[PDB]
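# Structural characterization, general
One letter stands for each residue in the lines below.
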Amino acid sequence: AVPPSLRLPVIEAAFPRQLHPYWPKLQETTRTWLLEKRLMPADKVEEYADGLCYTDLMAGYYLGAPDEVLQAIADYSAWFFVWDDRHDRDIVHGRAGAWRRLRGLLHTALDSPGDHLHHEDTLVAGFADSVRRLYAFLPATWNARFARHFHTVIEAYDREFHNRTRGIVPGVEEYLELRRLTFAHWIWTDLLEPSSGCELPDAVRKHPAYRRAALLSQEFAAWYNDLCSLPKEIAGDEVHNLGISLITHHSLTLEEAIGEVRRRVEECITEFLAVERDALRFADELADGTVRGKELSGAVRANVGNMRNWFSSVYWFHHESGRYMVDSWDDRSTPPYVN
Ligand SMILES: O=P(O)(O)C(O)(Cc1cccnc1)P(=O)(O)O
Ligand SMILES: [Mg+2]
Ligand SMILES: [Mg+2]
Ligand SMILES: [Mg+2]
C-alpha cells in the first residue's frame, strides 16, 4: 500500500517491477563491501544496510548486466548514498575544510582511482575501488566521459554545500538545472552501456529519441525522490528539493507544491511513453543488416528497456527503503544510519 499522496497508478499498472537474477548475492557482497571498506560502522551495517535497499534499487534497473558489472554498479551506488550522508553531515557541523579536502580528493581520485585504492580517508578509498572496477569494462573514451560527468556532479555538490550554508534555496529553474547534476542523471545514463556491453557512438546516444527518453527517465527518478524524501529533507534542514523551491519562490502551500510535484512526476511518465516509441523505432532502424548494426540495435533496445525499468525500481525503492522512514526515528533530524 503506497500512500495516495505518493501513489502513481500508471506506474503500478504499466511498469511492472523486474529483478536481476543475481540480486541475492549482490545484496550480500555489497553489505560485505560496505563492511570491509569501513564505509559504515559494524553495528549499523548489520542493523540498517539490508533494509536500505540500495542493491534492490540497482538490481531492478540494470537488467541484463553482467554480474560483475552489476556488482561494481551497486557498490558505487551504495557509495553514492553514504557520500550524500557525509556531505549532509559536513554541512550540519560546518566542516567546510573537511568537505573541501574530500571534494578535491574526489576530483583527483576520479582520474587516478588506482592511486587511491588505499587512501587514509575510507570514503575516498571505497570510491576509488568502485570507480576502478567501473573503468575496466569499456574503452577509455567511456571512462573519460564518466569522469567528465562525475567532475560536474562533485561541483554541483559543492554548490549545495554553499547553498545550505548561506541559506540560499535555489529558484525553480535554477533547481531543475542543478538537480540533473546532484542526482547524477548522466552517470546513471552512462552506466547503461557496460550493463549492455557496448559503448555507444556519439551519434547513437545523442539521437533526440535516445536523449529525451534517457532524460525523462532521470527526471522522474529525481523528482519522485523529491516528492518522497520531502518529509525527511525538511526535517534534516535540507533545502534542495523541487517542493522547497516552489514553496519559497512561488509562495505555494506545502500541499500545493506536493501536487505540483506529483503532477510534474506524472507528466514525466506519459512523456516517456511517447518518446519511448521513437527510441524503439530508432533501435529497429539501427539493424540495417550488418553485424555492428545488429549489436547496436540490441544495445539501444536494452538500454531503453532499462530506462523504462528505472521508473518502477525507483518507485518501489522509495516505499521499501528505511532511508525515507523519517516517522520511525527517535531524532527526525538525524537518520540513524548516518555518522
Ligand atoms: O535519498 P536522498 O537524500 O533523498 C537523494 O536522492 C540521495 C541521492 C543522491 C544522489 C543520487 N541519488 C540519490 P538526494 O539527491 O539527496 O535528493
Ligand atoms: Mg540527500
Ligand atoms: Mg543530495
Ligand atoms: Mg532527496
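Residues numbered from 1 in each chain as written, not as in the entry; some residues may be left out. Chains lettered and ligands numbered in written order. Heavy atoms only, no water. Residues with missing side-chain atoms left out of burial classes, pairs and counts.

Method of structure determination, per the deposited record: X-ray crystallography was used for this entry, reaching 2.20 Å resolution.

## Let's talk about the overall build of the protein chain
When helices and strands are counted, the protein chain shows 16 helices and zero strands. Its C-alpha atoms give the protein chain a radius of gyration of 19 Å, within 12% of the compact-globule value 20 Å for 339 residues. Counting only C-alpha atoms and orienting by the principal axes, one finds that the protein chain spans roughly 60 × 50 × 35 Å. (Helix = DSSP H or I, 4+ residues; strand = E, 2+ residues; numbered from the N terminus. Rg over C-alpha atoms; globule rule 2.2 N^0.38 Å.)

## Details of the packing of aromatic side chains
In the structure shown here, the tally under the stated rule is 36 aromatic pairs. The positively charged end of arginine 308 is found above the aromatic ring belonging to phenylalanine 15, 4.3 Å away from the centroid. (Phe/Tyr/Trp six-rings, centres within 6.5 Å; stacked < 30°, edge-to-face > 60°. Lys NZ or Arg CZ within 6 Å of the ring centre and 35° of its normal.)

## Notes on the coordination of the magnesium ion (ligand 4)
Six octahedral donors around a metal ideally sit at 90 or 180 degrees from one another, while four tetrahedral donors ideally sit at 109.5 degrees. Taken together, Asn225 (OD1) and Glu233 (OE) make up the full set of protein donors to the magnesium ion (ligand 4), lying 2.0 to 2.2 Å away. For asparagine 225, a relative accessible area of 7% puts it in the buried group. Since its relative accessible area comes to 9%, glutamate 233 is described here as buried. (Donors = N, O, S within 2.8 Å, 3.2 Å for Na, K, Ca; no water. Buried < 20%, exposed > 50% of the residue type's maximum accessible area, 1.4 Å probe, protein only.)

## So, the site of ligand 1
Contacts to ligand 1 come from 13 residues, most closely from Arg179, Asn225, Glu233, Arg323 and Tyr324. Side-chain polar atom of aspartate 84 to an oxygen atom of ligand 1: 3.3 Å apart, as the coordinates give it. The contact in question runs from an oxygen atom of ligand 1 to an N or O atom on the side chain of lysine 232, over 3.0 Å. Mapped by element, the contributors of at least two residues to the shell around ligand 1 are α5 (67-92), α9 (172-182) and α13 (208-235). (Near = heavy atom within 4 Å. Polar contact = N/O pair within 3.5 Å; in protein donor to acceptor, adjacent residues only side chain to side chain.)

## A look at the packing of α9 against helix α14 (residues 242-249)
The N-to-C vectors of α9 and α14 enclose an angle of 165 degrees; their axes lie 9 Å apart at closest approach. Taken together, the axes of α9 and α14 are roughly antiparallel relative to one another. Crossing handedness for the pair α9 and α14: right-handed. When α9 is examined against α14, the residues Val172, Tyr175 and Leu176 are found in contact with a partner set consisting of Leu242, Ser245 and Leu246. (Axes fitted to C-alpha atoms, helices over the stretch in contact; angles between N-to-C directions. Parallel < 35°, antiparallel > 145°, perpendicular 65-115°, else oblique. Left-handed = near helix turned anticlockwise from the far one by under 90°. Contact = heavy atoms within 4.5 Å.)

## Some words on the nonpolar core
Of all hydrophobic cores here, the largest spans 106 residues; its most connected members are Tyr76, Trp79, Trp83, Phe146, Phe150 and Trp188. The element contributing the most residues to this core is α5, with 13 residues. (Core = buried A, V, L, I, M, F, W, Y, C linked by side-chain atoms within 4.5 Å.)

## Thoughts on the pattern of salt bridges
Scanning the entire structure with this criterion turns up 23 salt bridges. Of the charged contacts in the structure, one is a salt bridge between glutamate 238 and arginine 164, with a shortest N-O distance of 3.4 Å. Of the two residues, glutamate 238 sits in the loop between α13 and α14 while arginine 164 sits in helix α8 (residues 140-165), which places them 74 residues apart along the sequence. Judged by relative accessible area, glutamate 238 falls into the buried class, the value being 16%. A salt bridge links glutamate 260 to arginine 264; the shortest N-O distance between them is 2.7 Å. Separated by four residues within a single helix, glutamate 260 and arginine 264 lie in helix α15 (residues 254-286), roughly one turn from each other. Note on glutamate 260: relative accessible area 18%, which makes it buried. One salt-bridge network, in which partners are shared between bridges, spans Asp88, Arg89, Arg164 and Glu238. (Salt bridge = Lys/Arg side-chain N within 4 Å of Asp/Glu carboxyl O.)

## Structural notes on the packing of α5 against helix α6 (residues 96-111)
Contact geometry of α5 with α6 gives a least axis separation of 10 Å together with a crossing angle of 150 degrees. Between α5 and α6, the crossing angle belongs to the class labelled roughly antiparallel. Considering how the two elements wind past one another, α5 and α6 form a crossing that is left-handed. Taken together, the residues of α6 that come into contact with α5 (itself represented by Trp79, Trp83, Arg86, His87 and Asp90) are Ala98, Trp99, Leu102 and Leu106.

## Description of unusual backbone geometry
Phi is positive for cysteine 53, close to 70 degrees, though the residue is something other than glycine. You can see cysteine 53 is positioned in the loop between α3 (42-49) and α4 (54-59). Note on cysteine 53: relative accessible area 8%, which makes it buried. If you check the backbone angles, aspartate 237 has positive phi at about 65 degrees while not being a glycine. The residue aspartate 237 is located in the loop between α13 and α14 in this model.

## Examining the state of the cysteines
Counting across every chain of the model gives zero disulfides. Free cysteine: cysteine 228, not disulfide-bonded; nearest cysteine sulfur from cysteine 268 at 13 Å. Of the residues examined, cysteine 228 reaches a relative accessible area of 7% and is grouped as buried. (Disulfide = S-S within 2.5 Å.)

## Quick look at the side chain of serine 217
Turning to its location among the elements, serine 217 is positioned in helix α13. The exposure class assigned to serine 217 is buried, which follows from its relative accessible area of 0%. Of the polar contacts made by the side chain of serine 217, one reaches the backbone oxygen of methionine 307; its length is 2.9 Å. Once you skip the residues sitting within four places of it in the chain, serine 217 turns out to touch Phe272, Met307, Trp310 and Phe311.

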